[PDB]
Amino acid sequence: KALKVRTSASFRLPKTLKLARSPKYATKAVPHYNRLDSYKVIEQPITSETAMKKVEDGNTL
RNA sequence: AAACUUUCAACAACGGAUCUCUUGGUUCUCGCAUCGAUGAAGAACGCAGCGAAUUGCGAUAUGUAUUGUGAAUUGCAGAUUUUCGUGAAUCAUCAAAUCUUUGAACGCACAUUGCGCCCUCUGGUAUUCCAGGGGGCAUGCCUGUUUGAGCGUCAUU
């Protein structure tokens with residue numbers, strides 16, 4: 001007894017212990033290898049003659 | 001008389017009838033029961049040495065694995081010797097995988113390849129910033145879970 005004197009007439013939802021995930025098995029099972037590798041990002045270089053201008057003269061492959 | 005018009009012939013056009021064909025349909029019978037949040041159906045964009053479509057598949061992209069078959073594929077090119085072999089093939093089979101972006105579509109959005117937050121790791125002086133790799137975060141309901149709320153309500157110091 002001697003109850004909780006409150007000030008806010010507004011009764012908000014009382015902050016509580018939001019527990020985190022501790023799942024009994026991995027959903028994915030095997031972590032997937034990198035979607036987008038080094039080699040998989042950059043495919044072919046270019047041979048359009050006006051790129052080979054830009055390579056040699058501008059220093060941009 | 002010629003030209004012309006007409007009729008009719010052979011040959012030639014035009015045109016695609018007829019005939020004959022037929023990997024399509026068609027109805028009838030029989031057998032079976034098997035989609036999907038373990039992401040279905042559908043879509044989008046891709047992917048072939050040379051593909052536009054089709055067919056197949058998903059950045060492991062006309063496939064990988066497995067098994068069988070036992071030498072193809074074939075338009076060209078090309079391999080490779082694997083041809084008394086754990087092994088050819090646009091083969092069959094198919095139980096292992098991959099399965100972009102989507103889509104019931106599920107972080108929140110969605111005429112946008114937009115905008116977040118969390119966990120973890122690696123870069124950059126980094127718990128907080130950025131970036132990269134991974135794994136997440138939908139709603140309802142259910143069973144439990146812990147955390148709580150109500151002088152709803154009981155019993156105690």
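Using ideal geometry, Cβ is built from the backbone for each residue, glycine included, and neighbour counts are taken over all protein chains shown. Taken together, the values in this text are just the output of simple stated rules run on the coordinates, not laboratory data.
Points to keep in mind about this one:
- Residue tally, condition part of a loop (DSSP other than H, G, I, E, B) and near RNA strand B (Cβ under 8 Å from one of its atoms), over segment A:30-55: 8
- Checking each residue in segment A:1-18 for being near RNA strand B (Cβ under 6 Å from one of its atoms) and aliphatic (A, V, I, L, M) picks out A:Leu3, A:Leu17.
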